[PDB]
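Visitor: See data12.txt below, with compact mmCIF, N, CA and C atoms.
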# COMPACT_ATOMS: atom_id res chain seq x y z
N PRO V 1 0.86 -1.21 0.00
CA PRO V 1 0.00 0.00 0.00
C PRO V 1 0.89 1.25 0.00
N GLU V 2 2.08 1.14 -0.52
CA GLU V 2 2.98 2.33 -0.55
C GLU V 2 2.32 3.45 -1.34
N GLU V 3 1.43 3.11 -2.24
CA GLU V 3 0.75 4.15 -3.06
C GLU V 3 -0.06 5.09 -2.16
N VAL V 4 -0.99 4.58 -1.41
CA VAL V 4 -1.81 5.47 -0.53
C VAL V 4 -0.94 6.03 0.60
N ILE V 5 -0.16 5.21 1.25
CA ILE V 5 0.70 5.72 2.36
C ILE V 5 1.50 6.94 1.89
N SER V 6 1.77 7.02 0.62
CA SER V 6 2.54 8.19 0.10
C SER V 6 1.69 9.45 0.21
N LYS V 7 0.41 9.34 -0.03
CA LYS V 7 -0.48 10.55 0.03
C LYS V 7 -0.70 10.97 1.49
N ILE V 8 -0.68 10.04 2.41
CA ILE V 8 -0.90 10.40 3.85
C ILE V 8 0.18 11.40 4.28
N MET V 9 1.34 11.32 3.70
CA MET V 9 2.44 12.25 4.08
C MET V 9 2.00 13.69 3.85
N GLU V 10 0.86 13.89 3.25
CA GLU V 10 0.38 15.28 2.99
C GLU V 10 0.01 15.94 4.31
N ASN V 11 -0.60 15.20 5.20
CA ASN V 11 -1.01 15.75 6.53
C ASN V 11 -0.24 15.03 7.64
N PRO V 12 0.92 15.52 8.02
CA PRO V 12 1.74 14.89 9.09
C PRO V 12 0.88 14.50 10.30
N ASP V 13 -0.31 15.03 10.37
CA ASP V 13 -1.23 14.70 11.49
C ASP V 13 -1.74 13.27 11.34
N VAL V 14 -2.11 12.89 10.14
CA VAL V 14 -2.61 11.50 9.91
C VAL V 14 -1.42 10.56 9.87
N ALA V 15 -0.35 10.99 9.27
CA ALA V 15 0.85 10.13 9.20
C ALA V 15 1.32 9.82 10.63
N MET V 16 1.21 10.78 11.50
CA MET V 16 1.62 10.57 12.91
C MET V 16 0.55 9.72 13.59
N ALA V 17 -0.68 9.95 13.25
CA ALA V 17 -1.79 9.17 13.85
C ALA V 17 -1.69 7.74 13.32
N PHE V 18 -1.24 7.60 12.11
CA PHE V 18 -1.09 6.24 11.52
C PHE V 18 -0.21 5.40 12.46
N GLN V 19 0.57 6.05 13.29
CA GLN V 19 1.46 5.31 14.23
C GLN V 19 0.70 5.01 15.53
N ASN V 20 -0.61 4.95 15.46
CA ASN V 20 -1.43 4.65 16.68
C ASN V 20 -2.09 3.28 16.49
N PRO V 21 -2.27 2.52 17.53
CA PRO V 21 -2.89 1.16 17.42
C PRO V 21 -4.38 1.24 17.09
N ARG V 22 -5.11 2.09 17.75
CA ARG V 22 -6.57 2.20 17.47
C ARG V 22 -6.77 2.62 16.01
N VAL V 23 -5.87 3.40 15.48
CA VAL V 23 -6.00 3.84 14.06
C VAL V 23 -5.66 2.67 13.14
N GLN V 24 -4.52 2.05 13.33
CA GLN V 24 -4.15 0.89 12.48
C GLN V 24 -5.24 -0.16 12.60
N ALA V 25 -5.82 -0.28 13.76
CA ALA V 25 -6.91 -1.27 13.97
C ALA V 25 -8.17 -0.78 13.26
N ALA V 26 -8.37 0.51 13.24
CA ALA V 26 -9.57 1.06 12.55
C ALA V 26 -9.41 0.84 11.04
N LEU V 27 -8.24 1.06 10.52
CA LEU V 27 -8.01 0.86 9.06
C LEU V 27 -8.01 -0.64 8.76
N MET V 28 -7.30 -1.42 9.52
CA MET V 28 -7.28 -2.88 9.27
C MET V 28 -8.71 -3.40 9.39
N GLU V 29 -9.45 -2.91 10.35
CA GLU V 29 -10.86 -3.36 10.49
C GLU V 29 -11.69 -2.73 9.38
N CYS V 30 -11.33 -1.55 8.93
CA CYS V 30 -12.11 -0.90 7.84
C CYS V 30 -12.26 -1.90 6.69
N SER V 31 -11.35 -2.82 6.59
CA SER V 31 -11.42 -3.84 5.51
C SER V 31 -12.79 -4.53 5.57
N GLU V 32 -13.28 -4.79 6.76
CA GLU V 32 -14.61 -5.45 6.88
C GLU V 32 -15.65 -4.59 6.16
N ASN V 33 -15.77 -3.35 6.55
CA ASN V 33 -16.75 -2.44 5.89
C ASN V 33 -16.84 -1.13 6.69
N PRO V 34 -17.15 -0.02 6.06
CA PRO V 34 -17.29 1.30 6.76
C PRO V 34 -18.11 1.19 8.06
N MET V 35 -18.71 0.05 8.31
CA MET V 35 -19.55 -0.11 9.54
C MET V 35 -18.65 -0.29 10.76
N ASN V 36 -17.37 -0.44 10.55
CA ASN V 36 -16.44 -0.63 11.70
C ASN V 36 -16.36 0.65 12.53
N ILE V 37 -16.45 1.79 11.91
CA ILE V 37 -16.36 3.06 12.68
C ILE V 37 -17.43 3.07 13.77
N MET V 38 -18.55 2.45 13.52
CA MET V 38 -19.63 2.41 14.53
C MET V 38 -19.11 1.74 15.80
N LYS V 39 -17.93 1.17 15.74
CA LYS V 39 -17.34 0.49 16.94
C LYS V 39 -16.33 1.43 17.60
N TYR V 40 -15.48 2.05 16.82
CA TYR V 40 -14.47 2.98 17.40
C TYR V 40 -15.15 4.31 17.75
N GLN V 41 -16.45 4.38 17.59
CA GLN V 41 -17.17 5.65 17.91
C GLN V 41 -16.81 6.09 19.33
N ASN V 42 -16.48 5.16 20.18
CA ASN V 42 -16.11 5.52 21.58
C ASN V 42 -14.64 5.94 21.60
N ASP V 43 -13.87 5.46 20.66
CA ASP V 43 -12.42 5.82 20.61
C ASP V 43 -12.29 7.23 20.02
N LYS V 44 -12.40 8.24 20.84
CA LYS V 44 -12.30 9.64 20.34
C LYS V 44 -11.07 9.82 19.45
N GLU V 45 -10.04 9.06 19.68
CA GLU V 45 -8.82 9.21 18.84
C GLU V 45 -9.16 8.81 17.40
N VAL V 46 -9.72 7.64 17.21
CA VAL V 46 -10.08 7.20 15.84
C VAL V 46 -11.09 8.17 15.24
N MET V 47 -11.91 8.77 16.05
CA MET V 47 -12.93 9.72 15.51
C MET V 47 -12.23 10.89 14.84
N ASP V 48 -11.32 11.53 15.51
CA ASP V 48 -10.62 12.69 14.90
C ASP V 48 -9.93 12.25 13.60
N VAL V 49 -9.45 11.05 13.58
CA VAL V 49 -8.73 10.56 12.38
C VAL V 49 -9.71 10.16 11.28
N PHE V 50 -10.63 9.31 11.59
CA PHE V 50 -11.62 8.87 10.57
C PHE V 50 -12.49 10.06 10.16
N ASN V 51 -12.64 11.02 11.02
CA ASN V 51 -13.46 12.22 10.67
C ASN V 51 -12.61 13.14 9.82
N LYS V 52 -11.31 13.08 9.97
CA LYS V 52 -10.42 13.94 9.15
C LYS V 52 -10.29 13.29 7.78
N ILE V 53 -10.01 12.02 7.79
CA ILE V 53 -9.86 11.25 6.53
C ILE V 53 -11.08 11.50 5.63
N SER V 54 -12.26 11.45 6.20
CA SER V 54 -13.49 11.64 5.37
C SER V 54 -13.74 13.13 5.09
N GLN V 55 -13.43 13.99 6.02
CA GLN V 55 -13.67 15.44 5.78
C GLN V 55 -12.75 15.92 4.66
N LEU V 56 -11.54 15.41 4.61
CA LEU V 56 -10.59 15.83 3.54
C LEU V 56 -10.72 14.88 2.34
N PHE V 57 -11.10 13.64 2.58
CA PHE V 57 -11.25 12.64 1.46
C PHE V 57 -12.69 12.10 1.44
N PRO V 58 -13.67 12.97 1.34
CA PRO V 58 -15.10 12.54 1.31
C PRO V 58 -15.40 11.66 0.09
N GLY V 59 -14.94 12.06 -1.07
CA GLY V 59 -15.18 11.25 -2.30
C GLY V 59 -14.17 10.10 -2.36
N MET V 60 -13.22 10.09 -1.46
CA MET V 60 -12.19 9.01 -1.46
C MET V 60 -11.54 8.91 -2.84
N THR V 61 -10.40 9.50 -3.02
CA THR V 61 -9.72 9.44 -4.34
C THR V 61 -9.36 7.98 -4.66
N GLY V 62 -8.73 7.30 -3.74
CA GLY V 62 -8.35 5.88 -3.99
C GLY V 62 -9.61 5.06 -4.29
Please render this file's structure as structure tokens.
Guide:
Amino acid sequence: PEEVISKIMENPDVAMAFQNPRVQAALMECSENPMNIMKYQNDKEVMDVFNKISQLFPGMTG
């Protein structure tokens, strides 16, 4: 996934957050389906990240 990881370097905030377990778990779990966020909803950390990812990537370029 070096392709997408390269674009994350755009916001050092997500690249730094990418170094968090709840985030890597949110993305690894995202594989199941966007319904995974309904689980990290309590993880305020994943919220700021998943809310940033969608606020800046709403149409999802990838």
Visitor: Between V:60, V:9, V:28, V:14, which one has atoms that come closest to residue 48 of chain V, using only C-alpha atoms?
Guide: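 Residue with the minimum atom-to-atom distance to residue 48 of chain V: V:14.
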Visitor: Using atom CA of residue 6 of chain V and atom CA of residue 30 of chain V as the two end points, give the distance in Å to one decimal.
Guide: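 Going from atom CA of residue 6 of chain V over to atom CA of residue 30 of chain V, I get 18.9 Å.
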Visitor: Which of these, V:49, V:41, V:36, V:2, has the shortest distance to residue 19 of chain V once you count only C-alpha atoms?
Guide: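 Among the listed residues, V:49 lies closest to residue 19 of chain V.
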Visitor: State, in Å with one decimal place, the distance from atom N of residue 3 of chain V to atom C of residue 42 of chain V.
Guide: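 The value is 28.9 Å.
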Visitor: Rank V:1, V:12, V:7, V:34 by their smallest atom-to-atom distance to residue 61 of chain V, using only C-alpha atoms, and report the top residue only.
Guide: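 Checking each of V:1, V:12, V:7, V:34 against residue 61 of chain V, counting only C-alpha atoms, the winner is V:7.
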Visitor: For the atom pair atom CA of residue 23 of chain V and atom CA of residue 52 of chain V, what is the interatomic distance in Å to one decimal place?
Guide: 12.1 Å
Visitor: Axis-aligned box over every listed atom of segment 45-58 of chain V, padded by 8 Å per side: centre and edges in Å to one decimal, as AutoDock Vina command-line options?
Guide:
--center_x -12.1 --center_y 11.6 --center_z 9.9 --size_x 22.7 --size_y 24.7 --size_z 35.6
Visitor: Running DSSP on the backbone, which parts of chain V land in helix (DSSP H, G or I), as a VMD selection string?
Guide: chain V and resid 2 to 8 12 to 17 21 to 30 34 to 40 44 to 56
